[PDB]
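*Asks:*
2 protein chains.
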Amino acid sequence: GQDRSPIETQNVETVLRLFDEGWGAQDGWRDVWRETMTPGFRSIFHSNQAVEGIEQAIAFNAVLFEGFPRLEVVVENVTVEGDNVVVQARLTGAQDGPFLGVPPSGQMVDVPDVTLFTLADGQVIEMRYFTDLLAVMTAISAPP
Amino acid sequence: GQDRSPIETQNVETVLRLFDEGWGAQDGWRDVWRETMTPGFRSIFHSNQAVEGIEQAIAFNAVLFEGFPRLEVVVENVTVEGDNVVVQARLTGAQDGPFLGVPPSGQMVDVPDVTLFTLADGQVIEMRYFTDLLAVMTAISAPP
Ligand SMILES: [Cl-]
Ligand SMILES: [Cl-]
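Listed in order, the protein sequences are those of chains B and R. Converting from the first sequence to the working numbering requires adding 326 to each position, the first position being numbered 1. Converting from the second sequence to the working numbering requires adding 326 to each position, the first position being numbered 1.
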């Protein structure tokens with residue numbers, strides 16, 4: 327296969343930091359987001375309207391991680407073409423905090439996901455996200 | 327940017343047929359699937375267990391399209407690296423048939439999606455899918 331261009335490989339390296347030092351379960355992630363994303367970064371969660379601005383997008387991510395404060399991510403595919411990087415991962419952890427209106431249940435989740443990044447001049451400008459959110463909401467809303 | 331390799335561009339061309347002549351709203355799509363996918367093709371819908379085998383996967387797709395028989399797709403991003411092709415699209419149409427246990431409601435949906443293909447030797451061997459299925463189920467289950 328054709329090797330990644332220099333820009334492609336740097337784009338990947340930059341994005342992959344968001345799954346380690348910049349992962350919301352890791353202390354210090356916000357500063358990694360601030361060094362990686364542009365100020366006008368836009369975050370898109372499933373079909374929700376974009377959250378516009380880096381601090382706004384950080385705040386939104388923080389809310390998600392209150393629901394799953396120990397959430398683990400395992401990257402299992404990276405695909406890059408130019409300034410588009412696609413990361414597929416699996417998420418595992420317990421819903422030990424409030425999440426999208428559901429009180430903490432302690433349920434375990436184990437789901438695939440996909441994050442679709444756009445970069446410009448080495449910085450992340452947009453992130454689109456999907457998981458199996460219906461399965462997550464069903465699992466955590468399930469009666470005792 | 328670095329141009330697509332010959333294999334990458336052929337992979338894209340092959341996959342994109344699934345969004346036109348091979349789209350489940352289009353008469354004759356099954357035969358397009360049969361010429362594009364391998365017999366052991368695996369289909370993965372959100373976090374559901376894989377549907378294994380081309381006829382099984384075709385049957386599953388057919389069920390989905392009974393719910394949205396006129397569903398329209400507009401491709402809006404294609405990203406390829408080697409034998410991985412990622413297609414983001416938007417879907418629009420009415421739930422005029424039964425869908426995942428919900429009787430036909432006639433609701434309109436308008437959602438982004440992402441399909442993640444793996445190919446081998448020019449044929450599609452696996453397809454992973456996500457949309458905002460929670461939003462779809464919420465929209466179509468909504469009281470009158
Ligand atoms: Cl932090
Ligand atoms: Cl057909």
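In this text, a Cβ means the ideal position worked out from N, Cα and C, and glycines have one as well.
With distances taken from CA atoms, which of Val411/B, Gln433/B and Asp346/B is nearest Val358/B?
*Replies:* The residue with the shortest Cα to Cα distance from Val358/B is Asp346/B.
*Asks:* Can you find a heavy atom of ligand 2 that lies under 7 Å from the Cβ of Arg368/B?
*Replies:* No.
*Asks:* Could you name the residues that DSSP lists as bridge partners for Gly419/B?
*Replies:* BP columns for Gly419/B point to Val435/B.
*Asks:* According to DSSP, what are the bridge partners of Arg368/R?
*Replies:* Per DSSP, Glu378/R and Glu452/R.
*Asks:* Going by beta-carbon coordinates alone, are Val338/B and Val399/B separated by less than 8 Å?
*Replies:* For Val338/B and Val399/B, no; Cβs fall outside 8 Å.
*Asks:* Of the choices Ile451/B, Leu460/B, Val435/B and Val450/B, whose alpha-carbon is the least far from that of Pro395/B?
*Replies:* Minimum Cα distance to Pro395/B is reached at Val435/B.
*Asks:* Have a look at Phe391/B and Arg360/R and give me their C-alpha separation to the nearest angstrom.
*Replies:* In a straight line, the C-alpha of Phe391/B is about 43 Å away from that of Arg360/R.
*Asks:* Just to confirm the assignment, what range does the beta strand (DSSP E) spanning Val428/B have?
*Replies:* Careful: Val428/B lies outside any beta strand (DSSP E) and carries neither H nor E.
*Asks:* On the DSSP bridge assignment, give the partners of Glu407/B in chain order.
*Replies:* DSSP output for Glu407/B lists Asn410/B as bridge partner(s).
*Asks:* Please output, in chain order, the residues near ligand 1 using a CB cut-off of less than 7 Å to any non-hydrogen atom of the ligand.
*Replies:* Cβ-based neighbours of ligand 1 within the cut-off: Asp353/B, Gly354/B, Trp355/B, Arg356/B and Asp357/B.
*Asks:* Looking at the unbroken alpha helix (DSSP H) that takes in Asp357/R, where does it start and where does it end?
*Replies:* Where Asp357/R is concerned, the enclosing alpha helix (DSSP H) stretches over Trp355 to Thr362.
*Asks:* Quick check: what's the CA-CA separation for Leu417/R versus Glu378/R?
*Replies:* Computed Cα separation, rounded: 25 Å.
*Asks:* Can you tell me whether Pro438/R is buried or exposed? The criterion is at least 16 other CB atoms within 10 Å of its CB, across all chains shown.
*Replies:* Classification of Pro438/R: buried, given that the 10 Å Cβ count is 16 or more.
*Asks:* Please list the residues of the segment 402-415 of chain B that have a C-beta atom closer than 9 Å to any C-beta atom in chain R, keeping them in chain order.
*Replies:* Going along the segment 402-415 of chain B in chain order, one finds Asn403, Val404, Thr405, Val406, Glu407, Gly408, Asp409, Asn410, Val411, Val412 and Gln414 with a Cβ nearer than 9 Å to chain R.
*Asks:* With the cut-off set at 8 Å, would you say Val412/R and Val450/R are in Cβ contact?
*Replies:* No, Cβ-Cβ distance for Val412/R and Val450/R is not below 8 Å.
*Asks:* Distance cutoff 8 Å, beta carbons only. Does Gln382/R sit that close to anything in chain B?
*Replies:* With 8 Å as the cut-off, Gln382/R does not count as an interface residue toward chain B.
*Asks:* Who are the near neighbours of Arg330/B in its chain, counting only those whose CB is closer than 8 Å to its CB and skipping five residues on each side?
*Replies:* Closer than 8 Å at Cβ, skipping near neighbours: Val338 and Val406.
*Asks:* For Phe391/R, which three-state DSSP category applies?
*Replies:* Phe391/R falls in the helix class under three-state DSSP.
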